[PDB]
């Protein structure tokens, strides 16, 4: 049940030095996000989100995911419920497919983590890492627990990754011999 407007910032505490969400606009923060929900009136919500370039881009990516999650929690929950809640759930028939998909996604995620470690100087893998940090921060935030990874991190194959891979799954499904 989203409010018209919600603004959250993620500050890195000078002392802690821990990340904490605050309400409102704080341009000193690592990131801030503003969700305006006009779905009832226009069929759209609007998000704008900024990260602070005075922090490195890893922390920015993570924080970007965190702040998006914090201003859109209800929308995330509902979208998840509408779209992917049951996908490979606890009670799936297609356990053959779902196990293959979990294996695939875990191996894929591990392969990228490995490539990032093996290629700390790579622009490409750097951009991949930022993308996954953003994903990680989004999931962490929604879960209510902020852990900024400085090295390798684990993405849940069937967590918020599921919201990103809907188009990928259209082909993963047949490639992993799901019936149809």
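Positions refer to the first chain, counted from 1.
**Q** Given the B-factors recorded for C-alpha atoms, which segment has the greater mean, 38-46 or 125-133?
**A** Higher of the two, by average CA B-factor, is 38-46.
**Q** Read off the CA B-factors in the entry, average them over 19-27 and over 164-172, and name the higher stretch.
**A** Between 164-172 and 19-27, it is 19-27 that shows the higher mean C-alpha B-factor.
**Q** By the entry's C-alpha temperature factors, tell me which of 58, 70, 147, 113 sits highest.
**A** Going by the entry's C-alpha B-factors, 147 comes out highest.
**Q** Determine, from the deposited record, the chain-internal third of the Cα B-factor for residue 105: lowest, middle or highest.
**A** Lowest third of the chain for residue 105's C-alpha B-factor.
**Q** Based on the entry's values, in what third of the chain does the Cα temperature factor of residue 84 lie: lowest, middle or highest?
**A** Middle third of the chain for residue 84's C-alpha B-factor.
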